[PDB]
Amino acid sequence: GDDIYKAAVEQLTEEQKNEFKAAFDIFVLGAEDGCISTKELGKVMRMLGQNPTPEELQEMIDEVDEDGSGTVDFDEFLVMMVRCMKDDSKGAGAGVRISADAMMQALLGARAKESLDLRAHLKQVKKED
Ligand SMILES: [Ca+2]
């Protein structure tokens, strides 16, 4: 719920949205109305190999809960993913920081890992001086 996120998602185009559109399909695996609830949200996040807290499941949605329905949609999730990208970069943040690049392999598959390994590099120093 910040400008840094809304500003990022705003830049995203159909090309990028398309990738997310397919993700939701798997993310809502089991859901009745193809929605992302806390029940599944916890399995999808833990599927990557994490053991976060139960409260986080709700807090995560609360952040993107505008309609106050209690579920994350394609539009809501759009903002969530934006935060993910700016979650690992921060560094030092609890023992579970979901990432858009990491979660990808979860939906796309294991091949996604071998396909791209940019995360491994991790570098960003302009060095002005
Ligand atoms: Ca909702």
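Values quoted throughout were computed directly from the atomic coordinates according to the rules given, and no laboratory measurement underlies them. Cβ atoms come from the backbone with ideal geometry, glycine included; neighbour counts cover every protein chain shown.
Got a number for residues in the range 74-90 being surrounded by 13 or more Cβ atoms within 10 Å (Cβ to Cβ), closer than 16 Å to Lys6 by Cα and free of Cβ contacts under 8 Å to residues at least 60 places away in the same chain?
6
Of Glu128, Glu19, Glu63, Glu55, all but one fail to be within 24 Å of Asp3 (Cβ to Cβ) and more than 14 Å from the ligand (Cβ to nearest atom); the exception is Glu19. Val79 falls short on exactly one of the conditions (1) within 16 Å of the ligand (Cβ to nearest atom); (2) within 13 Å of the chain's Cα centre (by Cα); (3) part of a loop (DSSP other than H, G, I, E, B), and that condition is (3).
Evaluated against (1) more than 12 Å from the ligand (Cβ to nearest atom); (2) within 18 Å of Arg46 (Cβ to Cβ); (3) under 12 Å from the mean Cα position of the chain (by Cα), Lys86 falls short on exactly one condition, (2). Is it true that some residue in the range 105-114 is more than 16 Å from the ligand (Cβ to nearest atom) and assigned to a loop (DSSP other than H, G, I, E, B)? Yes, because at least one residue in the range 105-114 is more than 16 Å from the ligand (Cβ to nearest atom) and assigned to a loop (DSSP other than H, G, I, E, B).
Can you find even one residue in the range 24-35 that is surrounded by fewer than 17 Cβ atoms within 10 Å (Cβ to Cβ), out of contact with any helix residue (DSSP H, G or I) (no Cβ under 6 Å at 6 or more places or on another chain) and closer than 14 Å to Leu107 by Cβ? Yes, there is a match, as at least one residue in the range 24-35 is surrounded by fewer than 17 Cβ atoms within 10 Å (Cβ to Cβ), out of contact with any helix residue (DSSP H, G or I) (no Cβ under 6 Å at 6 or more places or on another chain) and closer than 14 Å to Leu107 by Cβ.
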